[PDB]
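Quick heads-up: it's one chain on its own, the form deposited without the named molecule, in structure tokens.
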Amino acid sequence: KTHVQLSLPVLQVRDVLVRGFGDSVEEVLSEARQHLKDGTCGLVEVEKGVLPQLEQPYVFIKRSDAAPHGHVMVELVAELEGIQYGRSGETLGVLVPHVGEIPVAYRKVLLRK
């Protein structure tokens, strides 16, 4: 399937134990896609002071369209030193490894895979 319905646990930035996916744009996108498939991916909602507490490169989920079965259609965009690899809509948040942090909410997304 080109799209996959996922429910992403929303984590508080200060609870996050593994603050990024790796050390290159290509690696973080690779790793983010693998974690999304494996159900080991969390979402941090971006506000003032969140991104400096996480590790670059960042992986964003961005709205790709204006929402089947409650699932917002999203795609992945990476960012390193203020340059983004991908073009998409509004940020729903920044992806991180999920290693058992207690979420505050769930974000239903349809991921272009």
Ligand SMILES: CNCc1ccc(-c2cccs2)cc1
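Don't overthink the numbering: it's just position in the shown sequence, from 1.
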Quick one: classify how much of the deposited chain lacks coordinates between residue 83 and residue 84, choosing none, 1 to 3, 4 to 9, or 10 or more. none
Ranked by mean Cα B-factor in the entry, 68 to 76 and 41 to 49, top stretch is 68 to 76
May I ask you to compare 7 to 15 and 85 to 93 by their mean CA B factor in the entry and name the higher one? 85 to 93
Could you tell me which third, lowest, middle or highest, the C-alpha B-factor of residue 35 occupies within its chain? lowest
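This next part talks about the form deposited with the named molecule bound, which is not shown.
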In the entry with it bound, does residue 37 have a heavy atom within 4.5 Å of the named molecule? yes
Although the partner isn't part of this model, could you tell me whether residue 33 comes within 4.5 Å of the named molecule in the entry with it bound, counting any heavy atom of the residue? yes
Against the named molecule in the entry with it bound, would residue 108 count as a contact residue? Criterion: heavy atoms within 4.5 Å. no
